[PDB]
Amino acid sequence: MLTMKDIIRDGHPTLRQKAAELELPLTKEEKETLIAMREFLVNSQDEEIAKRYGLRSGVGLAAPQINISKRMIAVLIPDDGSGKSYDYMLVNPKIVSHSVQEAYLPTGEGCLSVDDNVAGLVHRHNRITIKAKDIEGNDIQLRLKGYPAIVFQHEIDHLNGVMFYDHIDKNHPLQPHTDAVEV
């Protein structure tokens, strides 16, 4: 069972490397680690378990964040009211197309690997298409918009050694871009 002590912190070099593509099929050990990543998000979102084990709530986790330099991510976004939820373990995910139009969380972003908050809007694509493999090496294409697009782009940044705060404007951190949609 993963906990916060498994999450490496900003400054750890693994967070700034470029994660490696996986060969398919995955090793038993690789499956186990991807299931535990999802299991972490599930645990962090249960108020009892998260309290008992001191978990920060998460909707996304990339393997580099537990110091494994490999291109797999977990996303767990619970139903918010839409009837739409997102429960995805992805191998070698890749953004293949996206909108020109940007979007931003008006609160800015947070990160399990970042102990402090950094203020500033992080502009991303409002709409993306992703090709990935699932845990069994089958093919997945995701068409995502808004909150889920932002989450997946955040997790994929991790695989290219990019950190949310790198996108924050230096002089005008809270300046929305022209026609950017607020989520």
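Don't overthink the numbering: it's just position in the shown sequence, from 1.
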Higher-B stretch (mean Cα B-factor, as the entry records it), 88 to 96 or 105 to 113: 105 to 113
Residue stretch of maximal mean CA temperature factor, 135 to 143 vs 47 to 55: 47 to 55
Highest-ranked of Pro148, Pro64, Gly120, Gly60 once sorted by CA temperature factor in the record: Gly120
Where the record places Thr14 (Cα B-factor, split into thirds across the chain): middle
Entry-reported Cα temperature factor of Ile68, expressed as the chain third it lands in: middle
B-factor third for the C-alpha atom of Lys28 within its chain: highest
Within-chain third of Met163 by Cα B-factor, per the entry: middle
